[PDB]
Amino acid sequence: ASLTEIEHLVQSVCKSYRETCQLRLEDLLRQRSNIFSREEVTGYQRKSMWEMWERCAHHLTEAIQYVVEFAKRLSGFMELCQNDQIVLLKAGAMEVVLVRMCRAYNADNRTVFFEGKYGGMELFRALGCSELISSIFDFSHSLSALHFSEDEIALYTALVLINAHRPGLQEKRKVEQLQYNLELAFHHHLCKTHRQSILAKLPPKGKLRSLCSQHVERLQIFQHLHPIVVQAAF
Ligand SMILES: CC(C)CN(Cc1ccc(-c2ccc(S(C)(=O)=O)cc2)s1)S(=O)(=O)Cc1ccccc1
């Protein structure tokens with residue numbers, strides 16, 4: 001592929017992200033001052049783990065819907081066989097959601113945007129998993145420190161998804177070609193934006209893996225005893 005086509009892949013990936021980014025960065029940054037009062041935080045802390053779980057399950061499911069929509073708009077993704085589409089999303093969707101979360105994270109006061117306002121990790125106390133929440137907040141903090149742009153998120157999450165080493169792929173060569181093309185796109189766009197410096201500062205692939213694995217473990221435990229059928233975005 002020529003640099004002209006690489007640049008078109010760049011523009012295409014970034015447009016697909018902007019159409020499926022769920023919350024506008026502009027809104028997130030604007031609402032940073034709308035913070036939960038102490039009474040509001042206490043209101044959340046009094047809820048059952050089962051109520052917080054269902055709210056969290058609703059937000060995660062919805063975030064995942066937007067990630068699936070992003071993938072479907074990704075050049076070449078819909079050209080993969082159905083098995084492979086499923087393999088990639090099953091392995092990668094929740095890792096993308098975790099990356100996407102850094103946009104809603106405010107490093108200045110360590111709060112995150114949740115149901116209309118910004119709250120610290122103590123908001124989630126009823127869930128009884130401080131370590132995981134803390135790990136999620138630290139991970140977001142590490143990404144926010146980089147000032148990850150909207151397009152870097154777009155290109156980086158595309159590569160989280162389009163990973164040819166996911167076990168179970170039936171057309172591994174096709175995923176490899178897609179992955180390589182997206183790598184070209186990412187690297188070229190970092191050059192064009194003078195942002196080469198972020199590559200070495202990005203979280204190791206393994207860290208996103210171990211975090212999502214710990215995350216998924218909680219989800220399974222909650223969703224087993226309390227499934228919730230909730231509306232589809234697209
Ligand atoms: C804020 C996190 C640490 C806690 N969870 C609630 C959220 C779920 C989805 C969120 C979200 C959705 C969209 C964006 S966006 C539109 O800016 O991309 C950003 C964040 S916050 S949790 O559910 O991940 C914590 C949890 C709950 C239950 C079991 C395990 C973990």
# chains A, B, ... in the order shown; residues from 1 in each chain; ligands from 1

call {"tool": "closest_atom_pairs", "arguments": {"of": "chain A", "to": "ligand 1", "cutoff": "6 Å", "atoms": "only C-alpha atoms and all ligand atoms", "output": "tab-separated table"}}
result
residue	atom	partner	partner_atom_place_in_ligand_line	distance
A:21	CA	ligand 1	16 (C)	6.0
A:22	CA	ligand 1	16 (C)	4.2
A:23	CA	ligand 1	16 (C)	4.0
A:53	CA	ligand 1	28 (C)	5.0
A:56	CA	ligand 1	23 (O)	3.9
A:59	CA	ligand 1	9 (C)	4.6
A:60	CA	ligand 1	9 (C)	4.6
A:63	CA	ligand 1	12 (C)	5.1
A:100	CA	ligand 1	18 (O)	4.5
A:101	CA	ligand 1	19 (C)	4.0
A:103	CA	ligand 1	17 (O)	5.3
A:104	CA	ligand 1	17 (O)	4.6
A:112	CA	ligand 1	1 (C)	5.7
A:114	CA	ligand 1	21 (S)	5.5
A:133	CA	ligand 1	3 (C)	5.3
A:136	CA	ligand 1	3 (C)	5.6
A:215	CA	ligand 1	30 (C)	5.7
A:218	CA	ligand 1	30 (C)	4.8
A:219	CA	ligand 1	29 (C)	4.8

call {"tool": "select_by_dssp", "arguments": {"residues": "region 4-214 of chain A", "states": "strand (DSSP E or B)", "output": "NGL selection string"}}
result
:A and (35 or 105-106 or 111-114 or 117-119)

call {"tool": "write_last_selection", "arguments": {"atoms": "C-alpha atoms", "output": "PDB file, in the first residue's frame"}}
result
ATOM      1  CA  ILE A  35     -18.897  16.371  40.584  1.00  0.00           C
ATOM      2  CA  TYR A 105     -11.049  10.025  33.484  1.00  0.00           C
ATOM      3  CA  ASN A 106      -9.896  13.244  35.168  1.00  0.00           C
ATOM      4  CA  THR A 111     -12.494  11.015  39.255  1.00  0.00           C
ATOM      5  CA  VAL A 112     -14.340   9.292  36.406  1.00  0.00           C
ATOM      6  CA  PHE A 113     -17.535  10.261  34.554  1.00  0.00           C
ATOM      7  CA  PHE A 114     -20.378   7.991  35.675  1.00  0.00           C
ATOM      8  CA  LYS A 117     -21.261  13.348  37.100  1.00  0.00           C
ATOM      9  CA  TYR A 118     -17.637  12.753  38.085  1.00  0.00           C
ATOM     10  CA  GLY A 119     -16.892  10.480  41.065  1.00  0.00           C
TER      11      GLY A 119
END

call {"tool": "residues_around", "arguments": {"residues": "residue 180 (chain A)", "least_positions_apart": "3", "cutoff": "12 Å", "atoms": "only C-alpha atoms", "output": "ChimeraX atom specification"}}
result
/A:1,6,9,158-159,162-164,173-177,183-187

call {"tool": "residues_around", "arguments": {"residues": "residue 126 (chain A)", "least_positions_apart": "6", "cutoff": "7 Å", "atoms": "only C-alpha atoms", "output": "ChimeraX atom specification"}}
result
/A:45-49

call {"tool": "select_by_dssp", "arguments": {"residues": "region 46-113 of chain A", "states": "alpha helix (DSSP H)", "output": "PyMOL selection string"}}
result
chain A and resi 46+49-72+82-100

call {"tool": "closest_residue", "arguments": {"among": "A:92, A:40, A:110, A:137", "to": "residue 209 (chain A)", "atoms": "only C-alpha atoms"}}
result
A:92

call {"tool": "closest_residue", "arguments": {"among": "A:217, A:19, A:131, A:95", "to": "residue 70 (chain A)", "atoms": "only C-alpha atoms"}}
result
A:19

call {"tool": "closest_residue", "arguments": {"among": "A:78, A:99, A:232, A:221", "to": "residue 138 (chain A)", "atoms": "only C-alpha atoms"}}
result
A:99

call {"tool": "residues_around", "arguments": {"residues": "region 227-231 of chain A", "least_positions_apart": "2", "cutoff": "12 Å", "atoms": "only C-alpha atoms", "output": "ChimeraX atom specification"}}
result
/A:50-51,53-62,65,219-225,233-234

call {"tool": "write_last_selection", "arguments": {"atoms": "N, CA, C and O atoms", "output": "PDB file, in the first residue's frame"}}
result
ATOM      1  N   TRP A  50     -25.700  -5.636  44.194  1.00  0.00           N
ATOM      2  CA  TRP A  50     -26.554  -6.078  43.088  1.00  0.00           C
ATOM      3  C   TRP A  50     -27.119  -4.934  42.269  1.00  0.00           C
ATOM      4  O   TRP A  50     -27.274  -5.067  41.063  1.00  0.00           O
ATOM      5  N   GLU A  51     -27.433  -3.817  42.918  1.00  0.00           N
ATOM      6  CA  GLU A  51     -27.854  -2.645  42.181  1.00  0.00           C
ATOM      7  C   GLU A  51     -26.678  -2.011  41.424  1.00  0.00           C
ATOM      8  O   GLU A  51     -26.810  -1.700  40.239  1.00  0.00           O
ATOM      9  N   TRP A  53     -23.960  -3.425  40.459  1.00  0.00           N
ATOM     10  CA  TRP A  53     -23.699  -4.342  39.370  1.00  0.00           C
ATOM     11  C   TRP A  53     -24.616  -4.116  38.176  1.00  0.00           C
ATOM     12  O   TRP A  53     -24.158  -4.083  37.042  1.00  0.00           O
ATOM     13  N   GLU A  54     -25.912  -3.972  38.407  1.00  0.00           N
ATOM     14  CA  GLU A  54     -26.787  -3.811  37.257  1.00  0.00           C
ATOM     15  C   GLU A  54     -26.602  -2.467  36.539  1.00  0.00           C
ATOM     16  O   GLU A  54     -26.708  -2.395  35.315  1.00  0.00           O
ATOM     17  N   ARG A  55     -26.304  -1.413  37.285  1.00  0.00           N
ATOM     18  CA  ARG A  55     -25.963  -0.163  36.648  1.00  0.00           C
ATOM     19  C   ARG A  55     -24.669  -0.334  35.840  1.00  0.00           C
ATOM     20  O   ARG A  55     -24.620   0.053  34.679  1.00  0.00           O
ATOM     21  N   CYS A  56     -23.651  -0.946  36.446  1.00  0.00           N
ATOM     22  CA  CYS A  56     -22.361  -1.163  35.788  1.00  0.00           C
ATOM     23  C   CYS A  56     -22.489  -2.089  34.582  1.00  0.00           C
ATOM     24  O   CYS A  56     -21.833  -1.896  33.554  1.00  0.00           O
ATOM     25  N   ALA A  57     -23.344  -3.096  34.707  1.00  0.00           N
ATOM     26  CA  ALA A  57     -23.562  -4.022  33.609  1.00  0.00           C
ATOM     27  C   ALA A  57     -24.234  -3.301  32.451  1.00  0.00           C
ATOM     28  O   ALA A  57     -23.899  -3.535  31.291  1.00  0.00           O
ATOM     29  N   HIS A  58     -25.174  -2.417  32.765  1.00  0.00           N
ATOM     30  CA  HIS A  58     -25.817  -1.621  31.728  1.00  0.00           C
ATOM     31  C   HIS A  58     -24.811  -0.740  30.968  1.00  0.00           C
ATOM     32  O   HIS A  58     -24.831  -0.695  29.746  1.00  0.00           O
ATOM     33  N   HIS A  59     -23.930  -0.058  31.697  1.00  0.00           N
ATOM     34  CA  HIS A  59     -22.953   0.837  31.076  1.00  0.00           C
ATOM     35  C   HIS A  59     -21.886   0.094  30.270  1.00  0.00           C
ATOM     36  O   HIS A  59     -21.509   0.520  29.186  1.00  0.00           O
ATOM     37  N   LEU A  60     -21.422  -1.030  30.796  1.00  0.00           N
ATOM     38  CA  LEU A  60     -20.470  -1.871  30.085  1.00  0.00           C
ATOM     39  C   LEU A  60     -21.063  -2.443  28.792  1.00  0.00           C
ATOM     40  O   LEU A  60     -20.449  -2.399  27.727  1.00  0.00           O
ATOM     41  N   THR A  61     -22.269  -2.974  28.890  1.00  0.00           N
ATOM     42  CA  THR A  61     -22.929  -3.571  27.730  1.00  0.00           C
ATOM     43  C   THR A  61     -23.072  -2.531  26.635  1.00  0.00           C
ATOM     44  O   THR A  61     -22.781  -2.789  25.478  1.00  0.00           O
ATOM     45  N   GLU A  62     -23.529  -1.349  27.020  1.00  0.00           N
ATOM     46  CA  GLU A  62     -23.642  -0.254  26.085  1.00  0.00           C
ATOM     47  C   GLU A  62     -22.270   0.151  25.493  1.00  0.00           C
ATOM     48  O   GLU A  62     -22.159   0.376  24.300  1.00  0.00           O
ATOM     49  N   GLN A  65     -21.359  -2.391  22.912  1.00  0.00           N
ATOM     50  CA  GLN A  65     -22.131  -2.172  21.682  1.00  0.00           C
ATOM     51  C   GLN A  65     -21.429  -1.146  20.781  1.00  0.00           C
ATOM     52  O   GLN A  65     -21.295  -1.362  19.581  1.00  0.00           O
ATOM     53  N   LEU A 219     -17.010  -9.579  36.371  1.00  0.00           N
ATOM     54  CA  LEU A 219     -18.188  -9.526  35.509  1.00  0.00           C
ATOM     55  C   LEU A 219     -18.944 -10.854  35.470  1.00  0.00           C
ATOM     56  O   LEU A 219     -20.171 -10.885  35.541  1.00  0.00           O
ATOM     57  N   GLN A 220     -18.196 -11.944  35.336  1.00  0.00           N
ATOM     58  CA  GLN A 220     -18.780 -13.273  35.233  1.00  0.00           C
ATOM     59  C   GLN A 220     -19.492 -13.644  36.523  1.00  0.00           C
ATOM     60  O   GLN A 220     -20.604 -14.177  36.501  1.00  0.00           O
ATOM     61  N   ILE A 221     -18.843 -13.343  37.642  1.00  0.00           N
ATOM     62  CA  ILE A 221     -19.378 -13.655  38.965  1.00  0.00           C
ATOM     63  C   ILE A 221     -20.690 -12.908  39.220  1.00  0.00           C
ATOM     64  O   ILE A 221     -21.650 -13.470  39.749  1.00  0.00           O
ATOM     65  N   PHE A 222     -20.730 -11.645  38.818  1.00  0.00           N
ATOM     66  CA  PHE A 222     -21.935 -10.840  38.947  1.00  0.00           C
ATOM     67  C   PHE A 222     -23.054 -11.259  37.971  1.00  0.00           C
ATOM     68  O   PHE A 222     -24.216 -11.404  38.371  1.00  0.00           O
ATOM     69  N   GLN A 223     -22.703 -11.437  36.697  1.00  0.00           N
ATOM     70  CA  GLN A 223     -23.696 -11.696  35.651  1.00  0.00           C
ATOM     71  C   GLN A 223     -24.303 -13.093  35.745  1.00  0.00           C
ATOM     72  O   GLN A 223     -25.371 -13.352  35.189  1.00  0.00           O
ATOM     73  N   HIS A 224     -23.611 -13.992  36.437  1.00  0.00           N
ATOM     74  CA  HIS A 224     -24.106 -15.346  36.644  1.00  0.00           C
ATOM     75  C   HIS A 224     -25.366 -15.356  37.506  1.00  0.00           C
ATOM     76  O   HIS A 224     -26.330 -16.057  37.205  1.00  0.00           O
ATOM     77  N   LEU A 225     -25.350 -14.571  38.576  1.00  0.00           N
ATOM     78  CA  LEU A 225     -26.459 -14.533  39.516  1.00  0.00           C
ATOM     79  C   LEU A 225     -27.449 -13.397  39.222  1.00  0.00           C
ATOM     80  O   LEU A 225     -28.555 -13.378  39.766  1.00  0.00           O
ATOM     81  N   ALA A 233     -28.020  -0.280  21.241  1.00  0.00           N
ATOM     82  CA  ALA A 233     -27.811   1.050  20.688  1.00  0.00           C
ATOM     83  C   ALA A 233     -28.142   1.061  19.206  1.00  0.00           C
ATOM     84  O   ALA A 233     -29.158   1.613  18.801  1.00  0.00           O
ATOM     85  N   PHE A 234     -27.295   0.420  18.411  1.00  0.00           N
ATOM     86  CA  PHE A 234     -27.454   0.383  16.962  1.00  0.00           C
ATOM     87  C   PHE A 234     -28.250  -0.848  16.540  1.00  0.00           C
ATOM     88  O   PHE A 234     -29.101  -0.777  15.654  1.00  0.00           O
TER      89      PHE A 234
END
